[PDB]
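Working notes for the structure below.
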Amino acid sequence: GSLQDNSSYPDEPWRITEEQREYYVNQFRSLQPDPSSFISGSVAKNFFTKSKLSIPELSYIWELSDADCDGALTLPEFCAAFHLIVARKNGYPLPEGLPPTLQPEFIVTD
Ligand SMILES: [Ca+2]
């Protein structure tokens, strides 16, 4: 009788309407003086550490953020970067992140 589920609202395309993009730019802006422009790579990876709680696990968070070894990410690029950081403080399981995806650490399945 407890734990119900009369609500339907999946998530993927990050669909929205100035409801999340506003808070997404207010952060990337705290460091980026320009309205949009692009933030550096070592600069964003410096504060990005604020969710995984201890254990520096930003190695996979950034590996997915950057996509051209440019060590930089325009504002549009940061829009997805933070989307991955919230997944930790949100409690969302890890769907993907690396090319592989089966048992790179559990060979013996028995
Ligand atoms: Ca990039």
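Residues in the structure tokens are numbered from 1 in each chain, the chains being A, B, ... in the order shown, and ligands are numbered from 1 in the order shown.
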So that each row is one residue of chain A with an atom at most 8 Å from ligand 1, can you give its shortest atom pair and the distance in Å to one decimal, using only C-alpha atoms and all ligand atoms, rows by chain and rising number, as JSON lines?
{"residue": "A:65", "atom": "CA", "partner": "ligand 1", "partner_atom_place_in_ligand_line": "1 (Ca)", "distance": 6.3}
{"residue": "A:66", "atom": "CA", "partner": "ligand 1", "partner_atom_place_in_ligand_line": "1 (Ca)", "distance": 3.5}
{"residue": "A:67", "atom": "CA", "partner": "ligand 1", "partner_atom_place_in_ligand_line": "1 (Ca)", "distance": 4.5}
{"residue": "A:68", "atom": "CA", "partner": "ligand 1", "partner_atom_place_in_ligand_line": "1 (Ca)", "distance": 5.3}
{"residue": "A:69", "atom": "CA", "partner": "ligand 1", "partner_atom_place_in_ligand_line": "1 (Ca)", "distance": 6.4}
{"residue": "A:70", "atom": "CA", "partner": "ligand 1", "partner_atom_place_in_ligand_line": "1 (Ca)", "distance": 5.6}
{"residue": "A:71", "atom": "CA", "partner": "ligand 1", "partner_atom_place_in_ligand_line": "1 (Ca)", "distance": 6.3}
{"residue": "A:72", "atom": "CA", "partner": "ligand 1", "partner_atom_place_in_ligand_line": "1 (Ca)", "distance": 5.1}
{"residue": "A:73", "atom": "CA", "partner": "ligand 1", "partner_atom_place_in_ligand_line": "1 (Ca)", "distance": 4.3}
{"residue": "A:74", "atom": "CA", "partner": "ligand 1", "partner_atom_place_in_ligand_line": "1 (Ca)", "distance": 7.2}
{"residue": "A:77", "atom": "CA", "partner": "ligand 1", "partner_atom_place_in_ligand_line": "1 (Ca)", "distance": 6.5}
Which of stretch 23-105 of chain A end up as strand (DSSP E or B) when DSSP is run on this backbone - answer as an mmCIF file with N, CA and C atoms, in the first residue's frame?
data_model
loop_
_atom_site.group_PDB
_atom_site.id
_atom_site.type_symbol
_atom_site.label_atom_id
_atom_site.label_comp_id
_atom_site.auth_asym_id
_atom_site.auth_seq_id
_atom_site.Cartn_x
_atom_site.Cartn_y
_atom_site.Cartn_z
ATOM 1 N N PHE A 38 33.384 30.484 -23.455
ATOM 2 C CA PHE A 38 33.676 29.073 -23.063
ATOM 3 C C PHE A 38 34.591 29.047 -21.833
ATOM 4 N N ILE A 39 34.413 28.093 -20.960
ATOM 5 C CA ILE A 39 35.285 28.020 -19.752
ATOM 6 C C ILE A 39 36.492 27.121 -20.042
ATOM 7 N N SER A 40 37.539 27.244 -19.275
ATOM 8 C CA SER A 40 38.741 26.395 -19.519
ATOM 9 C C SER A 40 38.477 24.955 -19.070
ATOM 10 N N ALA A 72 38.746 22.950 -23.212
ATOM 11 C CA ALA A 72 37.785 24.075 -23.046
ATOM 12 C C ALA A 72 36.361 23.599 -23.353
ATOM 13 N N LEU A 73 35.371 24.315 -22.895
ATOM 14 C CA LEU A 73 33.965 23.897 -23.158
ATOM 15 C C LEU A 73 33.048 25.119 -23.237
ATOM 16 N N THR A 74 32.631 25.488 -24.417
ATOM 17 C CA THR A 74 31.724 26.666 -24.549
ATOM 18 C C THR A 74 30.584 26.548 -23.536
#
*Interatomic distance (Å, one decimal) between atom CA of residue A:11 and atom CA of residue A:95*: 12.6 Å
*Could you tell me, as JSON, numbers by chain, which residues of chain A DSSP assigns to helix (DSSP H, G or I) when given the backbone?*
{"A": [21, 22, 23, 24, 25, 26, 27, 28, 29, 30, 31, 41, 42, 43, 44, 45, 46, 47, 58, 59, 60, 61, 62, 63, 64, 65, 75, 76, 77, 78, 79, 80, 81, 82, 83, 84, 85, 86, 87, 88, 89, 90]}
*Near residue A:88, within 8 Å and counting only C-alpha atoms, which residues show up once chain neighbours fewer than 4 positions away are dropped, as a ChimeraX atom specification?*
/A:51-52,84,92
_Contact residues around residue A:30 with only C-alpha atoms at 12 Å, ignoring same-chain residues under 4 positions, as JSON, numbers by chain_ = {"A": [23, 24, 25, 26, 34, 35, 36, 39, 43, 44, 47, 75]}
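Minimum atom-to-atom distances from A:99, A:12, A:22, A:82 to residue A:50 were compared using only C-alpha atoms, and the lowest value belongs to A:82.
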*Go ahead and compute the interatomic distance for atom CA of residue A:76 and atom CA of residue A:46, in Å to one decimal.*
18.9 Å
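Among the candidates A:101, A:17, A:7, A:27, the one nearest to residue A:48 when counting only C-alpha atoms is A:27.
Taking only C-alpha atoms into account, residue A:57 lies nearest to A:85 out of the set A:85, A:16, A:102, A:3.
The residue that comes closest to residue A:49, out of A:61, A:31, A:108, A:79 and on the basis of only C-alpha atoms, is A:61.
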